[PDB]
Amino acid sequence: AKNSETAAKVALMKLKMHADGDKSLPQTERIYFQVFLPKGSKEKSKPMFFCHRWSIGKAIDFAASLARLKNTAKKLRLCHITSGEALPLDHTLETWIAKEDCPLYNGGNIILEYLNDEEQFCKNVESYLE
């Protein structure tokens, strides 16, 4: 419900008001997320937008920057909000649009979390929204 297509579209207008990102991107090239930050972050989440053709690794790098997490044993990974899957670094965000299983939505939620190198999913994915 909170992670559905409709919930993402309903959140999208506020995300457009509040998100940071590279504003030289044409509007149609942008995908907006509420980005939930690693456990222990005082700020639970931050609104961000990305180029939809960026790789996950690029998006992670951009999000870590905005969240001031570039200032260890673990690497930051974007993780699907329902499956917990650490999205593969080389895939483009575009790859997740529309898909039947665990899509990404323009306006949706996503997780940024410290994982071990090679770790595949973040544990307790439901808890980021609890």
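Heads up: residue numbers just count along the shown sequence, starting at 1.
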| item | value |
| --- | --- |
| Absent coordinates between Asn71 and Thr72 - deposited residues affected, binned into four classes | 4 to 9 |
| 98-106 set against 24-32, stretch whose average Cα temperature factor tops the other in the entry | 98-106 |
| Mean Cα B-factor comparison, 111-119 or 14-22, giving the higher one as deposited | 111-119 |
| Out of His80, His91, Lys46, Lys75, residue topping the C-alpha B-factor column of the entry | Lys75 |
| Cα B factor band for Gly57 (lowest, middle or highest third within the chain) | lowest |
| Chain third (lowest, middle, highest) by recorded CA B-factor, residue given as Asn3 | middle |
